[PDB]
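> As they sit in the full assembly, here are the leading chains:
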Amino acid sequence: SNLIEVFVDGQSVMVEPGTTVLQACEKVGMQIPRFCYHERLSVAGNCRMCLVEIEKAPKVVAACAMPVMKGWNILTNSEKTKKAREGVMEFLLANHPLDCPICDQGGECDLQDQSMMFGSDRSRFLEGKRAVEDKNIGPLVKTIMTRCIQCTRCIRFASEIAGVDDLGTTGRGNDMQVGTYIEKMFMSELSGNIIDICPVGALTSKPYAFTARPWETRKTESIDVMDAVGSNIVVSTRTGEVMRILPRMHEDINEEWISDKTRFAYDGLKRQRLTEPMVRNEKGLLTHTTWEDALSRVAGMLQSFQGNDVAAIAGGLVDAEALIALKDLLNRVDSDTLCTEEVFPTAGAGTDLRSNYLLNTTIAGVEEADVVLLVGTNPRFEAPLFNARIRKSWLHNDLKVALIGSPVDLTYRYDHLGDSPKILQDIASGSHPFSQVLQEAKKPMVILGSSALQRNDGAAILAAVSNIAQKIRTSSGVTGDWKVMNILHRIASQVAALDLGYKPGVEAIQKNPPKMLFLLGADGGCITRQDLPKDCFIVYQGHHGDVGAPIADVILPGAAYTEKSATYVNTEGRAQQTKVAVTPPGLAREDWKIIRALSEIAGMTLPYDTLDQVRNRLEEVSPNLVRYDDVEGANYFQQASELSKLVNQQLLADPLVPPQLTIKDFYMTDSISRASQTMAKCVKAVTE
Amino acid sequence: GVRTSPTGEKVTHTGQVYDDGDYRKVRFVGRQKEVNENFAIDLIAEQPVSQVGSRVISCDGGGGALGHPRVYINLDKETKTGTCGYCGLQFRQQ
Amino acid sequence: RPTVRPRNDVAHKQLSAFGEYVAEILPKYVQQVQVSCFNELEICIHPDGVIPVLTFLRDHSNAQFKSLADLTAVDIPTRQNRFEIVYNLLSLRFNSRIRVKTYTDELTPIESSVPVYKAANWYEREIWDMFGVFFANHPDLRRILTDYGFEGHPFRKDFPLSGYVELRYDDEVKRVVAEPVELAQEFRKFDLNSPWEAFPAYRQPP
């Protein structure tokens, strides 16, 4: 009923009112050429590459900005349209530098390709060209601004997506220049995305500079593990080497953006790597050895211990296939002390109910919320692409955001209720005025940061936040199927480990210090040798020598997330799998295979021999773990809130203070990014 | 700019040299490691900076159509010189 | 216009008329008839029509396609019948060329056209060798281009470029031996296609 009929080269198409001419052409598979237009930015209308003739109208219209009228016939291939494109391309290239051989955009350049398809084949420009001086905006984005075509995409992205108004245009006319005017660094957790959206080689990646050409790269579609968002990525490789990381479009997760850590930390994969098995020699030093020898030493100790004498800690980057393999192996000696470094309160329901520890609303559900209450989190650095989704709803849906915790800069204005945990009781009691906002709200969202649950009184905070969400659901102010309670995780491996029944936190290990400890990529230093008996046998399995490796008796070199096909579950409970981009270096091996091999040598062979078989095992423990890209709903919040009230715990007086207060705290959080020289340059730049 | 490693192997202009424990240097036993001794990074540095009177200069590398594509170099910054991205020649506005 | 290939409407009209002529006379077999913008006539037929259609074009007084220029196959994996069999014929009488196309899959035989054109003998052996299409009633169907005992059909789109085995002389057994292929330098795959449409005239409906 609402739809109107327009024509694209005579072919009828029905479009909602407000649809632009360019969008109407998409509907029949015709892509209008563009430079300034990006569907995730505000319309600009300045490049004029999208000019298109409307039948019977004497003047070409900017397809990207012109709303289509009923009965219009859009001539996408008429002589008038073609000459308009040729004329614009001619102006774009008049001052453009003859840089293609030395310019990193070459081979994947929208200017090159649209010149090939829609421009003339020669020049009639007989003058000299403009030359523009370069701007330093930090160690991540190189600027060669003589290549800039003034499309203003970077300015709009910075202002609208990143919420930073540091980019702009200075001057006028042909001398108009894009930059910061003053000497200023564009350091934002989303800054690297301006490299992707810049249509030309004006903005390019500094780490990537000169190393590869697009046609020669192999593209492996994978998943990011630098946080719990689960950003979809493409790993570009050439001749067996990871060359760069690109976003992969996923509307419901990261859209087409990634964080700077996701983009640039990959160079940590080339440093401080574990490539050989190591055992301690007679003098107490780690020395290279064979796989046969290393596993025999581990199997010998494993056969000699049982029950509480054997424990394991999983780190942040561990995959589900390894998590279940290690759990199965320790279960076979009757050990149930499978711990993670990240704490989640086990009071009440604990991990019995997925909805207790999930972002139940989902990432895309933020766009439907009307009020967001953030508790004890700095999502800008804990989940940059999740924070970007909040800002997008803030910008377009007029979302109201309130925060309890340190007044961090979130890139959008919010209501700071304070940092005292006591405010949760006030809101739950109804005395606090913001409680009236939540009652009025139709689709409220309450998000508790996992980083807050790392406090000693995390159970009390979780209960208090749940009590608020239960009042909201008791008030009937919400729809019914809308989910209010949310946990925002920051660790890639956390949700899968909770799904599999791991014990969150290392409390169990501190109660019963084991004689044999497995460190599965555990580099947080939660349990050191001070907390263990004098003779504890420590086995470290991972890909980086960082914290866990130097203290271990045996080192088993594992595979990084780019070197294996492994299952990770993001903060919403959505299972996703990486793909092998390159094989592990040296003698390193796929992590679940190491544990499977160890089980055989120890006379306790695990019942799976292939990736498909261990993924059949995952399905037996938690069926959602094999439903790739699917978000399985979780119910029974009412039952969880009942158990949450059974045991009373006191909030500590400490204010809620997130681990990351400024950008300097964002760049190095795991072993891969700690080994990254690019991340070190970023830290140095933002502090000095 | 050729220098020899502690074991005597010449280092290339790309920095390549076999380390002490690398078996692969056996390939040079009884033969030689071919190394070009005219390091381009050193040779370009010897070229004097060219003083010009305008804000923008152009470089084609010399020889007209025998050089490189013609590019225009902005010389507004006074801290540094303008450098040609193709041939490495340097320019400065007087 | 100096750089544009000129059209030839007279030949386009003649070939179109003959295409309808053939379709009227053998409706039992003709599925599609088309003439390209550079004036090449193609007849697409059901595979049962190979012998009747080729015989008609060879022998009929208004055709007289006495010469088989070429016979070949094309592998198109996305199709249920992945192999397209292409006959290119020449008529000296009418100074004309025609192309006849049919289709088959991995397990359906095609009738050998040796009875119509003796030239088809080796072309069909080549198709069998390179694509694995079996021609029925061939006087002598066997490999023609590949090594003896060679496994697979190299011109299929899913056969790897460097194959599965490679040869070397082995001193221990004092003969050439075949072993799984290992390459000192892997062939470097290039992704060359531009993400921008080149030819609107061929746009497929969405």
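Now that the structure is in, tell me what you want to look at. Numbers count the residues shown, from 1 in each chain, chains lettered A, B, ... in the order given.
> Within range of chain A, give me the residues from chain C.
C:186, C:188-192, C:194-198, C:200, C:203-206 (C-beta under 8 Å from any C-beta of the partner chain). Quick note: C-beta positions are derived from backbone N, CA and C, even for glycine.
> cutoff 6 Å now
Residues of chain C lying close to chain A (C-beta under 6 Å from any C-beta of the partner chain) are C:190-192, C:194, C:196, C:198, C:200, C:206.
> Just the buried ones out of those residues, please.
Neighbour-count burial (16 or more other C-beta atoms under 10 Å in any protein chain shown) is assigned to none of the residues of chain C next to chain A.
> Bridged to residue 73, which residues?
I'll assume chain A. Judged by DSSP bridges, the bridge partners of residue A:73 are residue A:7.
> Let me rephrase: I mean chain C.
So, taking DSSP bridges as the rule, residue C:73 has residue C:85 as bridge partners.
> how about it, what does it touch?
Residue C:73 makes contact with C:83, C:85, C:127, C:131, C:133 under the criterion C-beta atoms under 6 Å, 6 or more residues apart in numbering or on different chains.
> Quick check: the two most widely separated of those?
The span of the contacts of residue C:73, defined through C-beta to C-beta, is set by C:85 and C:131 at 9.2 Å.
> Count the neighbours of residue 26 for me.
The chain I'm using is chain A. Residue A:26 has 17 neighbours, counted by other C-beta atoms under 10 Å in any protein chain shown.
> Chain C, not that one
Residue C:26 sits with 17 neighbouring residues when counted by other C-beta under 10 Å.
> burial of the closest residue to it other than its chain neighbours, as a residue count?
With sequence-adjacent residues excluded and distances taken as C-beta to C-beta, 6 or more residues apart in numbering or on different chains, residue C:26 is closest to residue C:53, at 5.8 Å. Using other C-beta under 10 Å, residue C:53 has 24 other residues around it.
> same thing with residue A:420?
Count around residue A:420 with other C-beta under 10 Å applied: 16.
> throw chain D onto that model:
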Amino acid sequence: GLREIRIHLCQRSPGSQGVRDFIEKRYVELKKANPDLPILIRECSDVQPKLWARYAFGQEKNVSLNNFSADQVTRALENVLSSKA
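One more piece, chain D, placed on the ones above:
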């Protein structure tokens, strides 16, 4: 003996209706009685409901709950909670 309970069910299939009734009515009381026992409830669309029990040294059994009523679910829970396989 017993080390871990897992219950798989669908969120909407009628075959899991009895398991759904059991969780909403009896799980809370079950958890109170077995405070230190992992009872991993994991919902997944279109899966046949199941009851997995894990005992010492990694021995596991699985009982199907398809089309069970909330009472049969209770019964199956009591059978597992009294076993030491």
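> With chain D now part of the structure, what is the answer for the neighbour count of residue C:26?
Neighbours of residue C:26 (other C-beta under 10 Å): 17.
> Mind telling me which residue of chain B is nearest chain D?
Scanning chain B for the residue nearest chain D gives residue B:21, at 44.9 Å (criterion: C-beta to the nearest C-beta).
> OK, contacts around that residue?
Contacts for residue B:21 (C-beta under 6 Å, 6+ apart) come out as none.
> In terms of helix, strand or coil, where does the residue of chain B most remote from its centre fall?
Distance to the chain centre peaks in chain B at residue B:30, reaching 31.4 Å (criterion: C-alpha atoms, centre = their mean). Look at residue B:30: counting by DSSP: H, G, I helix; E, B strand; the rest coil, its state is coil.
> circling back: does the residue of chain B closest to chain D belong to a helix, a strand or coil?
Taking three-state DSSP as the rule, one finds residue B:21 in the coil state.
> Can you give me the distance of the residue farthest from the centre of chain B to chain C?
Per C-beta to the nearest C-beta, to the nearest Å, residue B:30 is found 24 Å from chain C.
> ok, the residue of chain B closest to chain D to residue C:76 distance?
Distance of residue B:21 to residue C:76, computed by C-beta to C-beta, to the nearest Å: 54 Å.
> Ok, residue A:336 next?
Applying C-beta to C-beta to residue A:336 and residue C:76 gives a distance of 57 Å.
> Among those two, which residue is more densely surrounded?
Taking other C-beta under 10 Å, residue A:336 and residue C:76 do not tie; residue A:336 has more neighbours (20 against 13).
> host element of the nearest residue to that one once chain neighbours are set aside?
Take residue A:336 and drop its neighbours on the chain: the residue closest to it by C-beta to C-beta, 6+ apart is residue D:3, 6.1 Å away. Residue D:3 belongs to strand D:2-9 when assigned by DSSP states H and E.
> go on, residue A:328?
Using DSSP H and E, residue A:328 sits within helix A:320-331.
> Could you pull up phi and psi at the residue in chain C positioned nearest to chain B?
Closest contact between chain C and chain B, by C-beta to the nearest C-beta, is at residue C:184 (15.0 Å). With angles defined as degrees, to the nearest 10, residue C:184 sits at phi -60, psi -40.
> Also put chain E in, sequence below:
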Amino acid sequence: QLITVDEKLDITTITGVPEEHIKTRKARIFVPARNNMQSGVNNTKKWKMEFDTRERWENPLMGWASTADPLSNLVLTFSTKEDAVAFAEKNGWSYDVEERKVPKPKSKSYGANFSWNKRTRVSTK
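That brings us to chain E, laid onto the chains above:
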């Protein structure tokens, strides 16, 4: 004359592929993601089939990337995912199919850049 054949189409015994490169491979069936560096969408029209990545190592002589995987470069193109699945099934390859990701339609309005009372107002052009 025709015959009746009810068996599932299977050609693994007549394709000549070595056993190792049938059973132990994993074919991925997908529509390639748009290269984020460009706005063109013409490389996202068709379905692709590639295989799992295997080891590449440095050639001792020159340092070139060596491989022993005969399928390392094989990439097939398909009109639909049914065609790709049909091809994978008859060749005996186990496979994963990933559903095509299409950009969701957006609501664009130039006029919103100058909103009287909303946050969509732009501070610069």
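> Go back to the neighbour count of residue A:26, now with chain E?
Neighbours of residue A:26 (other C-beta under 10 Å): 20.
> Toward the C-terminus from the strand holding residue D:3, list the very next helix or strand.
Assigned by DSSP H and E, the successor of strand D:2-9 is helix D:17-22.
> Help me see whether whatever helix or strand comes next after that following helix makes contact with chain A, please.
Next helix or strand after helix D:17-22 toward the C-terminus (DSSP H and E): helix D:28-33. Yes. Judged by C-beta under 6 Å from any C-beta, helix D:28-33 comes into contact with chain A through D:28, D:31.
> Show me what helix D:28-33 is packed against.
Contact analysis of helix D:28-33 by 3 or more C-beta pairs under 6 Å, 6 or more residues apart in numbering or on different chains; DSSP states H and E lists helix A:637-646 as its packing neighbours.
> So the helix it packs on, near chain D or not?
Yes. Against chain D, helix A:637-646 shows contacts by C-beta under 6 Å from any C-beta at A:639, A:642-643.
> List the contacts of that helix.
By C-beta under 6 Å, 6+ apart, the residues outside helix A:637-646 that reach it are A:348-349, A:353, A:355-356, A:463, A:466, A:470, A:485, D:27-28, D:31.
> 8 Å instead?
Defining contact as C-beta atoms under 8 Å, 6 or more residues apart in numbering or on different chains, one finds that helix A:637-646 is touched by A:347-349, A:353, A:355-356, A:360, A:462-463, A:466-467, A:469-470, A:473, A:483-485, D:23-24, D:27-28, D:31-32.
> Any of those buried? List them.
Buried members of the contacts of helix A:637-646, scored by 16+ other C-beta under 10 Å, are A:348-349, A:353, A:355-356, A:360, A:462-463, A:466-467, A:469-470, A:473, A:483-485, D:23, D:27-28, D:31.
> Narrow these to those in helices?
The helices, defined by DSSP state H, take in A:462-463, A:466-467, A:469-470, A:473, D:28, D:31 from the buried ones among the contacts of helix A:637-646.
> mind listing the strands for chain C?
Assigned by DSSP state E, chain C shows strands spanning C:30-35, C:41-45, C:67-75, C:83-91, C:96-104, C:110-111, C:135-136, C:165-170, C:175-180.
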